[PDB]
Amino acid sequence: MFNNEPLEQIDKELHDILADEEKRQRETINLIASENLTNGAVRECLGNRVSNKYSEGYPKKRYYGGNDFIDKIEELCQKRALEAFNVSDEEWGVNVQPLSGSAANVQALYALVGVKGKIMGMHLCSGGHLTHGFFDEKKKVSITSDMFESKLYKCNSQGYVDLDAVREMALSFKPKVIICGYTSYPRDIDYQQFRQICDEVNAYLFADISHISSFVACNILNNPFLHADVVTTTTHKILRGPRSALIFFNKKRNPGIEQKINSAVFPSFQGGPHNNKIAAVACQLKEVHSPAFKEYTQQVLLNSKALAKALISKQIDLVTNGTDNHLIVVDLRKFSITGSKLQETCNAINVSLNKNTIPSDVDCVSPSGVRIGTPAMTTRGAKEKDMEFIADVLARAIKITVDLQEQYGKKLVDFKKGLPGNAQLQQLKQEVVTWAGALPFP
């Protein structure tokens, strides 16, 4: 007693929008640093009947029965997880149930510090994530600043984490967790120095490596597992998995942490796990361990260097004047345009990127930068030589943005009337669609 008609027939209206999304993705130069494209196998797992099953609890420790095949799936996933991040089942454990990065962080921070607990994170306007304790002058914007008591550190004038400021605050404010690992940070992290600062205050060291996860697994960037108590990562960004998250925990440094983390996830915060997610992670984490994935991650960094370089050759400024990872933050000051304006211009030419603060920005009000990243385009086949064109396109978009602003004024609503039907943007869009359209597409 059900309807087994294909999606096309049963719900034409939805299928049509979906058919469109797919075309927008196919015909876009996607530079959203946090985005990627899943392969067909990952998507088969996501659409698998394994999500019919309720599986509250942990393997061999379920509330319901008939969970043996589910238990294998979850245990496979924990195993492939620890292997990928080059850690022994004996020193580290992982929880693979968190539905997403924000959930994982909240769950893991609660596990460590409880309600009214003290945490330190990087400010959002400086490149920290919302769940690193974000609050405003007027509001406790993230639960992490409300259920916890948080203090936020900043970057210096050159766009680097000010470790000396981290220390001043940590001794003065006395957190039980210090979070490092960022949403928008173009450079590698000195985890050793974080590990040393925590020790003077007795704090835990939390590394959120969602943006650089593949670099960590592939031994291309600094290893946080060498120093940290907890490591979290989403599975969907550079890692190229489904939308999900991982919590890693150092048993050796902390006996009692395993049950603390597993209990935080369920039953404090979550109910039934989404087993299709757990399955999709398994599928991808296997791909991750292969030398082919190491190729890809290397290719990611090469494109990112070639891109930063090409932009500089076009006299465009970058925060920290470079990148060690997959992401670049462009500084727009020398052109007197905002990131929102350029975001608007890139939107019109099928170039996806986002506005972003620079140190010299007082508030999150008027971002002076844009964040671009190379994982999505690398997946689609772009090589170092293709970074020229992309840089060429962003330079052209910046120039058009500067022209439109002189014509239509400083206010965004005013600025925005220039875009529709602009001969230059339509020519540029066409160049983009034409190049993007024919790129390999999972």
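The term rigid core refers to the maximal set of C-alpha atoms that superpose within 1.5 Å between the two forms. The first residue of the sequence shown is number 1, and the count goes up from there.
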{"property": "Higher-deviation stretch (C-alpha RMS, rigid core fit) in 8 other deposited structures of this protein, choosing from 318 to 326 and 354 to 362", "result": "354 to 362"}
{"property": "In 8 other deposited structures of this protein, rigid core aligned: more displaced of 363 to 371 and 75 to 83 by C-alpha RMS", "result": "363 to 371"}
{"property": "Segment of higher mean CA temperature factor, 426 to 434 or 6 to 14", "result": "6 to 14"}
{"property": "Given 60 to 68 and 406 to 414, the range whose Cα B-factors average higher in the PDB entry", "result": "406 to 414"}
{"property": "Top residue by Cα temperature factor, when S352, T320, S360, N105 are compared in the entry", "result": "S360"}
{"property": "Residue selected from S150, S313, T233, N325 by maximal Cα B factor", "result": "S150"}
{"property": "Entry-reported Cα temperature factor of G159, expressed as the chain third it lands in", "result": "middle"}
{"property": "Chain-wide C-alpha B factor ranking for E75, given as lowest, middle or highest third", "result": "middle"}
{"property": "Position of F248 among the chain's modelled residues by C-alpha B-factor, lowest, middle or highest third", "result": "lowest"}
{"property": "Chain-relative CA temperature factor third for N222", "result": "middle"}
{"property": "Chain-relative CA temperature factor third for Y204", "result": "highest"}
